[PDB]
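Take a look at this single chain, the form deposited in one PDB entry, given in structure tokens.
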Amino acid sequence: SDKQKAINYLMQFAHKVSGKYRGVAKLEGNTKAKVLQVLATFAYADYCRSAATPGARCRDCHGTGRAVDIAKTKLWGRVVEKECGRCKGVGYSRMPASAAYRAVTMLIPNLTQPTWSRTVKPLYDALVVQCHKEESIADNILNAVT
């Protein structure tokens, strides 16, 4: 249930942003849906695996995924945040995405790993970041891991 809700949220997000990623936006209907499902599920699971790896918490942001945005902070006179530059918003060291890539090759058989890294994997990375941003997912996973 909680897992189903999380994956549904990630798939809706992926549907909203899929047009931005050339490897995904050009796909056929059924293949696109299957790919978004794979990416959402692997993003959820791989975020959990990052969070469960001892010592994986980002050393720059200490797991928040955020840093102070200097320019915006001085412009507004209030703290304005940006993605942590080291973990790019995940808060943890990243798991290799090779299994996710292989799962996608089942649906896009001519997808090479470099084309994946440049045209599809960025959507998966965005979904992992979204796991960290969405409080429901991030908190459920934190409580489960600890």
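The term rigid core refers to the most C-alpha atoms you can superpose between the two forms while keeping them within 1.5 Å. Each residue number is its position in the shown sequence, starting from 1.
Below, we refer to the form deposited in another entry, which is not included among the displayed structures.
Chemist: Only one of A103, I108, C84, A33 crosses a C-alpha shift of 2 angstroms between the shown form and the other one, counting 2 angstroms or more, core aligned. Which residue?
Modeler: Spelled out, the residue whose C-alpha shifts by 2 Å or more is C84.
Chemist: When you overlay the rigid core, is the Cα of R59 off by 2 Å or more between the shown form and the other one?
Modeler: Shift at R59: 2 Å or more after core fit.
Chemist: Take the rigid core as the frame of reference and indicate whether the C-alpha of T119 shifts by 2 Å or more between the shown form and the other one.
Modeler: No.
Chemist: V90 and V17: their C-alpha distance differs by 3 angstroms or more in the other form. Do they come closer or move farther apart compared with the shown form?
Modeler: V90 and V17 sit farther apart in the other form.
Chemist: Between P54 and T41, do the C-alpha atoms lie closer or farther in the other form than in the shown form, with a difference of 3 angstroms or more?
Modeler: Distance between the C-alphas of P54 and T41: shorter in the other form, by 3 Å or more.
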